[PDB]
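Following: one structure in structure tokens, then a few remarks.
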Amino acid sequence: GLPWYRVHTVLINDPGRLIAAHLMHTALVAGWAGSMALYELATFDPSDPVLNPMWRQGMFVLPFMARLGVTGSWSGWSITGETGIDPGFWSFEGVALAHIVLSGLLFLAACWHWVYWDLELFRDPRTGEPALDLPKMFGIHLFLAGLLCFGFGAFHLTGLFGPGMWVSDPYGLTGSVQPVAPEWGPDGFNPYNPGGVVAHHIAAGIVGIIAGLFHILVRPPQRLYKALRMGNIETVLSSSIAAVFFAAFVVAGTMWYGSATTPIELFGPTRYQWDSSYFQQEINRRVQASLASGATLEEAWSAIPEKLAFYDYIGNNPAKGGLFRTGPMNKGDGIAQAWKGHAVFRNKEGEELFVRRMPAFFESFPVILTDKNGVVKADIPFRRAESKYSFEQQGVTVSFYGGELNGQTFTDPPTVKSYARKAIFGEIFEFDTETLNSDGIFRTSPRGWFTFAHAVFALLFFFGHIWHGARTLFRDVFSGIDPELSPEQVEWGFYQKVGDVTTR
Amino acid sequence: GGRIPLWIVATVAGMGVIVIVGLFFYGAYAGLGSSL
Amino acid sequence: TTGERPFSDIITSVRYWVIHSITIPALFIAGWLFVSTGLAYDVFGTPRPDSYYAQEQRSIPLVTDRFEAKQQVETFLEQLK
Amino acid sequence: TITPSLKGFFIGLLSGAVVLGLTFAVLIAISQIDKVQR
Amino acid sequence: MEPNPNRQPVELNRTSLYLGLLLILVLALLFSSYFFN
Amino acid sequence: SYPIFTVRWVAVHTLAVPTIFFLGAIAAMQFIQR
Amino acid sequence: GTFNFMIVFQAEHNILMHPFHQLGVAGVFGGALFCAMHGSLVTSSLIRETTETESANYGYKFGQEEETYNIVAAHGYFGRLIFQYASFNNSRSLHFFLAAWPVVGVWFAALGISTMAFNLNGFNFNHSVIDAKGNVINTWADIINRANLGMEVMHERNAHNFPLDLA
Amino acid sequence: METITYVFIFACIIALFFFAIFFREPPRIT
Amino acid sequence: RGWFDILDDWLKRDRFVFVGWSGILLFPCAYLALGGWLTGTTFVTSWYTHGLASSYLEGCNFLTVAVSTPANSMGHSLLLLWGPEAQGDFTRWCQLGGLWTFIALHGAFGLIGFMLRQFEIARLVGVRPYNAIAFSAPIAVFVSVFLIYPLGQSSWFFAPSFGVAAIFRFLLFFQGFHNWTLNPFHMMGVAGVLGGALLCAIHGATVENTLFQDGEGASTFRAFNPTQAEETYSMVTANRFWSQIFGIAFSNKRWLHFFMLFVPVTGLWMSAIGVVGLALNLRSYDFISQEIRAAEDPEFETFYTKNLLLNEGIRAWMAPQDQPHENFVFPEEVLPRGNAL
Amino acid sequence: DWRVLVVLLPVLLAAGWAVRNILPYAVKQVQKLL
Amino acid sequence: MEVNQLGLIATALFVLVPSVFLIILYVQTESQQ
Amino acid sequence: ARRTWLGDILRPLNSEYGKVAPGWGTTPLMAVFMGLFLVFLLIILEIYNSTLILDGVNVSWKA
Ligand code: CLA
Ligand code: CLA
Ligand code: CLA
Ligand code: CLA
Ligand SMILES: CC1=C(/C=C/C(C)=C/C=C/C(C)=C/C=C/C=C(C)/C=C/C=C(C)/C=C/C2=C(C)CCCC2(C)C)C(C)(C)CCC1
Ligand SMILES: CC1=C(/C=C/C(C)=C/C=C/C(C)=C/C=C/C=C(C)/C=C/C=C(C)/C=C/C2=C(C)CCCC2(C)C)C(C)(C)CCC1
Ligand SMILES: CC1=C(/C=C/C(C)=C/C=C/C(C)=C/C=C/C=C(C)/C=C/C=C(C)/C=C/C2=C(C)CCCC2(C)C)C(C)(C)CCC1
Ligand SMILES: CCCCCCCCCCCCO[C@@H]1O[C@H](CO)[C@@H](O[C@H]2O[C@H](CO)[C@@H](O)[C@H](O)[C@H]2O)[C@H](O)[C@H]1O
Ligand SMILES: [Mg+2]
């Protein structure tokens, strides 16, 4: 009979059982989303949105709920840390419950559609064969897609009837769910402008309504009907797999590069913020503005928020993980407890040195300290015998400003070296390694895991597209070429046009 | 059609290839890229 | 068997070798002159052996600025004088 | 206003239209002249 | 209610069993080190 | 009785023409000194 | 342990820059290419003996006398994919080529290792490109040498007592 | 546990070799 | 008989090089990617992007020429000739690495054009499209390595440069930075490639040595005729031979030839998935349990631990010259070295 | 620039030489083509 | 060695789940007429 | 086959299977919209890529 890899092909000419299979799939996916949400809620520690946010805790679905406006728990906390909001029904638990209930209702519907497969609706009224008018089903679905796209943009995202979306300042310090007005200028196409997302959904929604109406009312050209095999449901599968892999590559890219739909308070910082020292530059700017106003060095650095310093730390970079390094980012370095403050390194001549920071490519990196002109002044040498730049030789000390160790200074070279080795990671934090039995090895964020899964899925879906497209266009030779294939079709010198018997 | 024998064409073209590649091997030891 | 003239009939014909005993050396010589006039350096921007470094320079003219890279190269080239 | 990269964008858009346009005029023209014998 | 005429028998021959088991066991042997980590 | 100019003729000369030019250029490079 | 052998070998012999290894690579990439090509062309030209609900492999019976694929169709495809004289129409020639390509390539790979056994190494172009003054102009071979140096200085890190790694 | 797991999977593979060789579907000329 | 149908007639004419509708995409894109590569390796430097000589014009040979990637400061810029970086200046475009993106983008669209050609010809002659399906693997490799890998990284600079030794640098970069040999997806790739070459060698040799005597010559190639209906070699003898030598043997010629598609194609797909992971630095760099043990027990040594030291040497000794945008100054005393060497 | 002419000198001068040795037969091909 | 606590169950199910799938399909094939 | 209430309501929407417009139909109009969509995608690609730089459009978080 059927080989194992073709068992589902019994649905190809059975629309009621195809609907049943699709309902069972939707039941499973909705059930996944509810169960995942509930596992996250069981595991999530909401007590510290500053050094232990959701992206340090391995939270995958919780940022997706928060992005569209689900802020609170029925247990009384919210993701921003604000004390004493009540979310109503649509808390994180209420969303999860709504998915489980939906999963069960789709399950029952799948049972019904499986049993009652033989519906008159699925039959051609002329031939009596199972038939789906695929072009008109497209227009109906496209119209419905367009209504929902429009209503989501016009009502949910704008806040006209709905919560809005998560929006934040450029440094990820004060993000919240806010209503967003559409941006109708050219800045609507800036991926960092949330008003563009609103305006897209209004415009694309209307265009979907208009195109859906066209596809309801206008039949396909005969040329395209033949060329695209529009009586074959496999042609839709081929083209749908293609649109889907396109969309997966886009969401993979916008997750990795950042956009207004992938904000850093929900997903963590990007690797490009570490690459460009994005938060280091903002930290130094605020410090120099404070020092230009007459603050001391302690006063300047003590004003830098712990949240901002925590983004300037390589263990929050999503390109520092490993494929088999499993679990939350907290499982690597620990649960971050406090900023130790900014370490300033000086040699015995009083000149400030700067630790060269680790690039993301490097599993390990040497400790090298330069002046402000990038001349090497101190290091932690490998071979000690001819070393000239050692911390003992250059009299390297370290002082801390702001944070836990504010106003402290250290001089003994073992202690100064251990801080220098941490300074290659950017800002220095105290970490609780004991709670999770943290191993000390960096893990990637949900931004990294999402990008990995979606790029991998998109690449595989390209194969599915090629495979199902080939099955569609070559359906007549699927079980083999015609046993009376004419050698004149395939030998040179007979037909003027390749495979055209009339050109003989 | 069949003026010049194809073996003569093959031989002269084959030897033209040898001379050109042999020049490139000569240039590995002289001038640029020779390390001298 | 696609109707074109066979290659072994063409390259053994004298008309081919009337034509190609002129066109083949002329192309080869045109390539030779593209290098030996120095035009190849000016079309592509490839350094001559005396234009990698300024006379006492040891550093590489690396491009560091995306939207002013065209000017960084021009400033590197104007320092070759 | 039209930025230089926008004018540069319109240059590439026009240059692609000219490449595809002149390719398709030539392909159509040769096809019209060298039809298949049916 | 009349039975569904789209139903088809499914087969897996013995060589396919041996090939699949080989595949699953070798993937297990390959990935096990990474799962233990 | 055969044609001279074909799609084949064009494909041959799009490769063979720059090839001979590039072989002359690279030959001349063998006689560049530093 | 295999990977350690490979990395140290590259450090000490520059195997990547040895043409015998390069022929080995052509042997194995080409072999996998030709494996894919021959598999795909035969599978594409299978003659219909089965329906859609069964594996096309049941179209062949063990020890049947007839050919199970149309080699004229496969030649007609692949000779239009490239050009006619690029494609085998003789199955005996085709299968000889499938034998000879990876086998000759792997022979060169084996001879590569076995001749680097006597320290005749891959091409050394370190500092081959010199400017008019005499400055070294790095090439990609010079970047390979840095990587080679890093493996060399680190491998068997306690075994060497003298400056040159001689065997 | 690790060592037992690796040896177990290995031992199953050797067993599968035994069945694939001595209890194959016999090639039949038809 | 509209203009479309006459153009379709001309494109699908039996000629020496079949054109097709796919040939409109394939033939210019392939010619430019090929021609861009030869042009760049003959005449174009990498002095301003990498600090390297990379052309025959500068003294390199076939092993060392490359069209090198653009500078890291370019990011993932398309680097169009008319773009904001070159501003229409062809000479500057070559100096900034615009030929790399030119080759990569035209190579990409040519590869699409080539798979479209495979579909088009298979449809016209009436064969199944398995050759196009098998070509998905080299496409998956090209896309993952040449596009997705640098897109995950900081810039196109870290993609492979189109050159022999440049590729060798890419191989050694992936050992030293990614520990790519340890990655189970690469291992699956190796198995598919080596298993593919094995099947190529063994199937060719098996056919050649079970041939039927179909003629009188001792050179046996003449005894084949493409219009024969009969098998040219004995499947039964081949089966008996391999069953007695190796224990198992093929007995279905169709499954044999499918398996030959499947093995190298699956392997290349598996490696592509690994490279996608490496785009995000999601490496299989280390085994956590061995690192815990090696850190606490200075007598525990394995071949895996030795390889990590090799990798540390690669990174330190190569990074200053391989990543000149970073301005690494690694003083001699910080470089990891063993005793003596 | 005097060097573009010098490189285009043998190209132009041999194109014109081949379009002379093929013109009695390039005409006949295009004539029956019409 | 300090290994992942879920590595044993992950390996055991990765073996057992598709292996039993193949065994189910094999056995019911043999029992067909 | 089983008639149902909802099935009889939805019956006209599954009634024109295999029905086509003659010839090329609206193909030239479709091609135009495909061309514009390609241009649209190039524009937004080049904005995200910083190949297309527009006044008022700072492609960065700081915007
Ligand atoms: C004025 C109204 C308006 C506004 C303000 C917007 C705004 C936006 N649109 Mg929308 N749009 C509109 C109307 C509007 N649109 C209308 C009427 C339509 C037709 C229905 C669309 C159709 C549309 C599509 C299809 C897309 C957008 C997208 C966007 C977003 C672009 C920025 C971005 O993140 O792109 C990032 C995406 C790109 C820059 C496109 C990348 C193109 C890829 C690279 C082509 C190659 C794909 C291939 C598979 C790659 C394989 C190789 C790879 C592996 C290396 C932005 C929110 C994009 C989006 O949603 O992004 C999140 C998007 O894909 N719009
Ligand atoms: C898009 C899918 C997706 C993504 C991006 C995430 C992301 C995340 N998950 Mg979630 N999860 C998912 C789906 C996903 N999950 C699903 C479907 C389930 C149900 C099983 C879960 C159940 C789940 C639990 C119980 C937990 C997570 C956790 C996490 C976090 C840690 C990730 C980790 O350690 O993975 C590690 C990733 C790997 C080890 C990669 C596996 C490699 C594959 C399996 C190799 C297979 C090769 C294949 C067989 C080859 C075939 C070859 C053949 C073709 C020839 C991360 C934020 C953890 C967390 O921190 O929560 C707070 C956590 O405890 N997830
Ligand atoms: C929307 C997505 C989609 C849909 C609806 C289909 C549907 C189909 N595929 Mg296609 N295909 C797709 C994507 C899709 N495919 C992709 C992405 C690929 C590349 C991987 C393929 C490659 C492919 C091939 C090579 C073949 C098909 C075939 C088929 C047909 C039979 C399937 C069957 O019986 O398998 C039965 C499958 C099993 C019994 C077990 C498979 C288990 C997998 C390997 C691992 C476990 C998956 C896990 C449970 C769920 C993960 C979901 C994931 C998205 C997160 C059916 C029409 C077959 C066909 O065309 O028949 C004529 C066929 O030969 N597909
Ligand atoms: C099938 C053939 C083909 C394809 C797919 C490509 C594709 C590409 N080329 Mg290549 N090119 C080709 C043939 C091709 N080329 C040929 C034959 C030549 C020699 C003449 C070139 C010479 C060339 C150069 C010198 C460069 C490229 C570049 C590119 C890239 C950017 C192109 C772009 O953005 O234009 C945009 C234009 C379009 C996509 C046209 C689409 C058609 C639209 C939908 C119709 C409407 C347009 C409208 C009428 C225009 C009016 C404008 C008006 C309002 C002012 C892209 C990968 C660039 C590159 O490689 O960067 C690294 C580059 O620098 N090409
Ligand atoms: C009936 C009913 C009910 C109930 C319901 C329920 C209770 C449900 C649930 C459900 C659920 C709860 C479900 C879940 C699901 C899940 C799933 C569906 C999953 C899947 C998974 C997967 C698929 C995975 C895989 C993987 C792995 C493992 C690793 C990595 C890779 C991957 C990712 C692939 C109620 C009362 C309401 C009412 C009505 C009736
Ligand atoms: C055909 C052909 C070809 C080509 C080849 C060639 C190119 C060759 C050449 C050849 C040659 C070109 C040869 C020559 C020879 C020579 C000789 C063999 C000589 C000898 C001599 C002698 C022996 C000497 C002696 C002497 C002395 C000792 C002293 C003094 C006196 C004298 C001088 C007398 C090809 C592959 C393409 C293809 C196939 C065909
Ligand atoms: C990029 C570009 C372009 C294009 C251009 C082209 C398309 C080029 C082409 C070019 C080409 C097309 C070239 C050629 C070259 C060639 C060569 C240079 C050759 C060489 C040869 C030899 C050296 C030989 C040797 C050998 C072999 C290979 C193997 C066997 C043995 C012997 C030894 C014989 C355009 C303007 C559009 C636009 C802008 C940019
Ligand atoms: C934890 C992992 C577990 C995964 C479990 C996997 C379950 C797989 C289910 C396989 C089901 C096969 O399903 C079974 O197919 C066979 C044929 O193949 C059908 O059998 C039918 O056909 C056969 C052969 O024509 C007849 O002899 C039989 O009388 C008839 O009923 C069964 O009626 C159906 O129940
Ligand atoms: Mg020289």
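Each chain gets a letter, A, B and so on, in the order the sequences are listed, and its residues count up from 1.
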Decide yes or no on ring-ring contact (aromatic ring centres under 6.0 Å, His included) for A:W112 and A:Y116, but give the supporting numbers first. CA-CA 6 Å; A:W112 191 93; A:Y116 293 109; 5.0 Å; yes
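- The CG atom of E:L25 lies 10.5 Å from the CD1 atom of H:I14; values are rounded to the nearest 0.5 Å.
- Side chain of L:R3 to main chain of L:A1: no donor-acceptor pair is present (N/O by atom type, distance under 3.5 Å, no hydrogens or angles).
- A distance-only check finds no donor-acceptor pair linking the side chain of A:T127 to the backbone of A:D124 [under 3.5 Å].
- Taking the six-membered ring for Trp and thresholds of 30 and 60 degrees, H:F23 and H:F18 have ring planes more than 60 degrees apart, a perpendicular arrangement.
- No hydrogens or angles considered: nothing links the side chains of I:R254 and G:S55 as a donor-acceptor pair under 3.5 Å.
- When side chains are defined from C-beta on, A:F249 counts as touching A:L459, because their heavy atoms get closer than 4.5 Å.
- No donor-acceptor pair under 3.5 Å is formed between the side chain of I:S251 and the backbone N or O of H:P27.
- Under the 3.5 Å distance criterion, the side-chain polar atoms of K:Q32 are left unmatched by any main-chain donor or acceptor of E:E11.
- A distance of 5.0 Å separates CZ of A:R229 from CG of A:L473, quoted to the nearest 0.5 Å.
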From CA spacing to verdict: side chain to side chain donor-acceptor pair (under 3.5 Å), G:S45, I:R128: CA-CA 7 Å; G:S45 55; I:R128 314 161 79 214; over 6 Å; no
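- In this structure, the side chains of A:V490 and G:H75 stay at 4.5 Å or more apart for every pair of heavy atoms.
- Here the side chain of L:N14 pairs a donor or acceptor atom with the backbone of A:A131 at under 3.5 angstrom.
- For the 3.5 Å distance criterion, the side chains of E:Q8 and G:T53 fail to qualify, holding no donor opposite an acceptor.
- The aromatic rings of I:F262 and I:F259 lie parallel to each other, with less than 30° between the two planes, well short of the 60° mark.
- Between I:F114 and I:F135, the ring-plane angle classifies as tilted under the 30° and 60° cut-offs.
- Classification of I:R123 and A:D476 as a salt-bridged pair holds, one side-chain N sitting under 4.0 Å from a carboxylate O.
- A side-chain donor-acceptor contact under 3.5 Å links K:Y26 and K:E30.
- Ring-plane geometry between I:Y233 and I:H203 is classed as perpendicular, the angle between the planes exceeding 60 degrees on a 0 to 90 degree scale with a lower cut at 30.
- With hydrogens and angles disregarded, no donor-acceptor distance shorter than 3.5 Å links the side chain of L:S15 to the backbone of L:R11.
- A distance-only check finds no donor-acceptor pair linking the side chain of I:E231 to the backbone of G:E66 [under 3.5 Å].
- Here G:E52 does not pair with A:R6 in a salt bridge; the nearest charged N to carboxylate O distance is not below 4.0 Å.
- With hydrogens and angles left out, the side-chain atoms of E:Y18 and E:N13 include no donor and acceptor closer than 3.5 Å.
- Considering only heavy atoms from C-beta on, A:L460 stays 4.5 Å or farther from A:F462 through its side chain.
- Ion pair I:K253/G:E67 flagged as a salt bridge, since at least one NZ, NE, NH1 or NH2 atom sits closer than 4.0 Å to an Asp/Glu carboxylate oxygen.
- For the residue pair G:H95/G:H38, the side-chain donor-acceptor check at 3.5 Å is satisfied.
- Using a cutoff of 4.0 Å between basic side-chain nitrogens and carboxylate oxygens, H:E25 and E:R14 are not scored as salt-bridged.
- E:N6 and A:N13 form no side-chain donor-acceptor contact under 3.5 Å, judged by distance and modelled atom types alone.
- Side chain of E:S16 to main chain of E:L12: no donor-acceptor pair is present (N/O by atom type, distance under 3.5 Å, no hydrogens or angles).
- Ion pairing between A:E120 and L:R2 fails under the 4.0 Å rule for side-chain N and carboxylate O.
- In the model, I:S136 has a side-chain atom that pairs as donor or acceptor with a side-chain atom of I:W269 under 3.5 Å.
- Side-chain contact annotation: A:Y225 with L:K19, donor-acceptor N/O pair under 3.5 Å absent.
- Judged by distance alone, the side chain of K:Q28 and the main-chain N or O of E:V10 form a donor-acceptor pair under 3.5 Å.
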